[PDB]
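Side-chain atoms are counted along with the backbone in the values below, which use heavy atoms only and exclude waters and symmetry mates. Numbers for residues simply follow the sequence, beginning at 1.
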Amino acid sequence: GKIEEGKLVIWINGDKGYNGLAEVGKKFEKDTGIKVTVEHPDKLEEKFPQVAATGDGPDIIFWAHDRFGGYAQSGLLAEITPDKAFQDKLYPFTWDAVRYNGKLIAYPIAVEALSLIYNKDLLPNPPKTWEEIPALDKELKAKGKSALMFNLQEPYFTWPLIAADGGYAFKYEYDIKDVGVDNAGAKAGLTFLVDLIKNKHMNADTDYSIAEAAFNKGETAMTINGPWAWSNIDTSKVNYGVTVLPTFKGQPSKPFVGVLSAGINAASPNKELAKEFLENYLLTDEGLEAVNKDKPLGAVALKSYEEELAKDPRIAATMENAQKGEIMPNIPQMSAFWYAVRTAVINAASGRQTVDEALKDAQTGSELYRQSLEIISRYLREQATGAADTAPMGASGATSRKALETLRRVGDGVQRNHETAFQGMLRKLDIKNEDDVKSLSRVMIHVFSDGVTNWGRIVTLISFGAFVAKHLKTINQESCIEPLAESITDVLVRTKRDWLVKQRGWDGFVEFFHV
Ligand SMILES: COc1nn(C)cc1C(=O)N[S@@]1(=O)=NC(=O)c2ccc3c(c2)N(C[C@@H]2CCO[C@H]2[C@](CN2CCN4CCOC[C@@H]4C2)(OC)/C(F)=C/C[C@H](C)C1)C[C@@]1(CCCc2cc(Cl)ccc21)CO3
Ligand SMILES: OC[C@H]1O[C@H](O[C@H]2[C@H](O)[C@@H](O)[C@@H](O)O[C@@H]2CO)[C@H](O)[C@@H](O)[C@@H]1O
Ligand SMILES: [Cl-]
Ligand SMILES: [Cl-]
C-alpha cells in the first residue's frame with residue numbers, strides 16, 4: 001500500500017488515553033488544517049510490522065519502547081532528530097529507552113511500571129509478601145471476596161513474580177546469549193503462581209477485563225496494573241491505594257518497566273507533520289495533560305509536567321516499583337521472548353504443561369534466534385573462507401558445536417549432490433552485492449517456508465546459503481556474508497518458530513541426523 005499525504009493516522013493501544021490524544025489532534029487541526037485520526041486496533045503491535053513492511057500503516061505508532069528495536073531493525077521507523085532545546089526538555093533516561101544502534105527511533109512519552117492496587121475498605125494494610133496472600137484469600141473468601149485478581153493472559157503482569165527470585169530475560173552486566181527463563185528463580189516464581197491457581201486463590205482464565213471488573217466492583221481486594229487503569233477505578237469510586245508490589249522469598253517483585261513511545265513510520269510522507277505534532281503539540285504540558293486526564297500516563301518524560309505529577313503518591317509508588325524493576329531491552333528478540341513466556345505462563349496456569357516443561361520451552365524459544373544465528377553464521381563463514389571460527393560458542397555451546405558438526409556432515413552432502421541445481425539457482429539469482437542479498441528473504445520465504453517443514457529442507461536452506469557465501473567471498477563481497485546469515489536466520493526462526501520449539505530446537509536437529 002501507500003500512506004496518504006496531508007493527514008496523520010496514529011495508532012495507540014486501547015488501554016491508553018486515545019480520546020485525550022484525539023483532543024491534541026483537534027488542536028493540531030485547528031492550527032494547520034491537517035486532520036489527525038487516532039485509532040486503537042486490536043493487536044496493533046503485531047499488525048504494525050506487517051502493514052509497515054508493505055509501505056502501509058499509520059504515520060505514528062505508540063507502544064512501549066521494547067517493540068521498537070525490532071521495528072527499527074526491519075527498517076520500519078524514521079530516525080528522530082530533535083534539536084538540543086527539545087531533547088533537554090525530556091529526561092535523558094527516557095531518550096536512552098528509544099535509542100537503537102546509536103540512533104533515536106522514537107519520541108519517549110511516559111514511564112510505566114506495574115503497582116499493587118488495593119481496596120482500602122477491604123484491606124486497610126496491603127500484604128508486604130506474596131506468601132501471605134493465600135491466608136488473606138481464605139480470610140476474604142469467608143466474606144464473599146477474594147484477595148487478588150490480575151491479568152494472567154499477558155506475561156507482563158506475571159513477570160514481576162517470575163523475576164523476583166532470579167528469573168531474567170537477557171543478562172545485563174546485555175549478554176543476549178544468556179537467558180534466565182528456566183532457572184531456579186523463574187521456576188520458583190511461576191510455581192507460586194500455579195499453586196495459587198491449584199489452591200483456588202486465582203483462576204487461570206482471568207484476563208484484563210475480568211480482573212478490572214472484579215476490582216472496580218469491589219469483589220477482589222487487590223489487582224496488579226499500571227497507571228492507565230486508575231481512571232476507571234476513579235469512576236468506580238473504590239477507595240483504592242497504589243503501593244509497592246509484594247516481595248517473594250524476601251526479594252522485591254521486579255516489573256519490566258516500559259516507556260510509552262511514539263515512532264514515525266519510515267514509509268510516511270508526513271514526517272515533518274508528525275515531528276511537529278509530537279514535539280510542539282503532544283510533548284507539551286497541555287498536550288500530555290489532555291492525554292493524562294483521559295487515562296494516566298505514569299511518570300511523563302517531559303520534565304516540566306513530571307514535576308507536577310511527581311507529587312502524586314500513586315506516581316511515587318509507580319516509580320518505587322520501577323526502580324525495583326528493570327527497563328525493558330529494545331532488542332529485536334523481545335517479541336520472541338514475550339511470545340515464549342506468554343505461552344509458558346498460560347500453559348503452566350491451565351495445566352497443559354508443568355512449570356518445568358513450560359519454562360524449558362520458553363528458554364528454547366527465547367534462545368532460538370541467537371543460537372540459530374551462531375550456527376548459521378559459523379557454517380557460512382567457514383565454508384566461504386575454508387577455516388573454522390576459533391571463538392568459544394558460549395551459552396548452550398555443546399548444542400551449537402554438535403549442531404555445527406552435524407550441519408557440516410549433512411550440509412556438505414546436500415551441496416555436493418545438488419551442485420548443478422545450486423549452480424543454476426546461484427546464476428539465476430545473480431547475487432552481486434548487499435542490495436541483491438536483501439532481496440533473497442522474500443525468495444527464501446516463498447520457496448523454503450511455504451514448502452514442507454523438516455530438518456532436511458532446513459539443511460538445504462542453510463547449505464544453499466553456504467553456497468552463496470562461498471560465491472560472495474570469491475567476488476570480494478565477503479562483507480555480505482554476515483547480512484546473509486542474519487537473513488537466513490530470520491526466515492528460519494520467524495516462519496518455523498513453533499515447529500522448531502516442538503523439536504527441542506537444535507537438540508532435535510542433532511538427534512534427527514545422529515549416525
Ligand atoms: C532426503 O532429502 C533431503 N535430505 N536433505 C538433507 C535435504 C533433502 C531435500 O530433499 N531437500 S529439498 O526438499 N529442499 C528444497 O526444496 C529447498 C529447501 C530450502 C530452500 C530451497 C529448496 N531453495 C531452492 C533450491 C536451491 C537449489 O535449487 C532449488 C531447488 C530446485 N528448483 C526447482 C524449480 N526451479 C524453478 C526455476 O528456477 C530454478 C528452480 C530450481 O528447489 C526445489 C532444489 F534444487 C532443491 C533441491 C533440494 C535438495 C530438495 C533455496 C532457497 C530459495 C532460493 C533463494 C535462497 C537463498 C538462500 Cl541464501 C538460501 C536458500 C534459498 C530457499 O531454501
Ligand atoms: O505481556 C507482554 C507485553 O508486555 C508489554 O505490554 C504492556 C504494555 O507495555 C503496557 O503499556 C500495557 O499496554 O500492557 C501491556 C501488557 O498487556 C510489552 O510492552 C509488550 O511488548 C509485550 O508483548
Ligand atoms: Cl488528505
Ligand atoms: Cl510458527
Side-chain angles (χ1 to χ4, degrees), residues 8-25 36-52 56-72 76-77 94 97-98 105-115 117 150-159 207-213 216 223-233 255-265 274 277-278 282-283 287-288 290-301 318 322 327-328 330 334-335 337-339 341-342:
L8 290 173
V9 178
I10 305 179
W11 284 7
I12 186 165
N13 203 41
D15 58 6
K16 305 311 197 295
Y18 54 77
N19 289 319
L21 190 59
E23 189 184 306
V24 180
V36 180
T37 305
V38 182
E39 305 180 335
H40 49 100
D42 287 347
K43 302 179 173 175
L44 78 89
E45 82 283 14
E46 302 188 58
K47 284 172 189 170
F48 179 76
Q50 297 173 336
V51 301
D56 214 330
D59 299 275
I60 303 168
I61 170 158
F62 283 77
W63 197 263
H65 76 284
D66 66 301
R67 297 263 161 187
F68 280 70
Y71 302 158
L76 310 177
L77 299 174
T94 68
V98 294
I105 49 60
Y107 287 94
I109 312 299
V111 182
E112 302 173 352
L114 293 168
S115 295
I117 301 168
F150 69 96
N151 189 4
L152 303 185
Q153 310 311 311
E154 283 293 343
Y156 185 72
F157 295 86
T158 300
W159 190 255
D207 66 9
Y208 192 92
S209 291
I210 292 161
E212 178 173 53
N216 299 0
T223 192
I224 290 165
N225 223 326
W228 57 85
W230 303 335
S231 284
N232 287 344
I233 307 169
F256 249 149
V257 178
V259 178
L260 180 68
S261 303
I264 296 171
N265 196 327
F277 176 77
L278 295 167
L282 180 58
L283 282 157
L288 297 178
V291 178
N292 200 68
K293 285 171 75 174
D294 185 3
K295 299 292 175 74
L297 287 162
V300 299
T318 302
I327 290 284
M328 285 183 287
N330 69 357
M334 288 299 293
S335 185
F337 158 80
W338 282 127
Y339 189 79
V341 177
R342 177 181 294 114

[atom1]-[atom2] distance between [X] and [Y], expressed to the nearest 0.5 angstrom:
X	Y	atom1	atom2	answer
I105	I264	CD1	CD1	11.0 Å
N216	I117	CG	CD1	8.5 Å
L260	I12	CG	CD1	5.5 Å
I10	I61	CD1	CD1	11.5 Å
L77	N265	CG	CG	7.5 Å
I109	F62	CD1	CZ	5.0 Å

With a 4.5 Å limit on heavy-atom distance, are the side chains of [X] and [Y] in contact?
X	Y	result
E112	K16	yes
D42	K47	yes
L114	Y156	yes
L288	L282	yes

For [X], all residues meeting side chain to side chain donor-acceptor pair (under 3.5 Å), sequence neighbours excluded:
X	value
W228	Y208, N225
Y71	none
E39	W11

- Task: Would you please classify the geometry between the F256 ring and the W159 ring as parallel, tilted or perpendicular, with 30° and 60° separating the classes?
- Result: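 It falls in the parallel class, under 30°.
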Kindly give the heavy-atom pair with the smallest separation between [X] and [Y], and that separation in Å.
X	Y	result
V24	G287	CG2-O, 3.5 Å
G57	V51	CA-CG2, 3.6 Å
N13	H40	C-CB, 4.1 Å
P155	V341	CB-CG1, 3.7 Å
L283	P108	CD2-O, 3.6 Å
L278	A262	CD2-CB, 3.8 Å

- Query: What pairs with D66 under side chain to side chain contact (heavy atoms under 4.5 Å, CB included), at least two apart in sequence or on another chain?
  - Reply: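 Residues passing side chain to side chain contact (heavy atoms under 4.5 Å, CB included) with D66: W63, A64, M328, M334, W338.
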- Query: In chain order, what residues pass the side chain to side chain contact (heavy atoms under 4.5 Å, CB included) check against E154, with sequence neighbours excluded?
  - Reply: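 Here the qualifying residues are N151, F157, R342.
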- Item | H65 side chain vs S261 backbone, donor-acceptor pair below 3.5 Å | no
Do any side-chain atoms of residues 291-298 form donor-acceptor pairs under 3.5 angstrom with protein atoms, and if so which ones, sequence neighbours left out?
residue: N292; atom: OD1; partner: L297; partner atom: N; Å: 2.8
residue: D294; atom: OD2; partner: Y18; partner atom: N; Å: 3.4
residue: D294; atom: OD2; partner: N19; partner atom: N; Å: 3.0
residue: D294; atom: OD2; partner: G20; partner atom: N; Å: 2.9

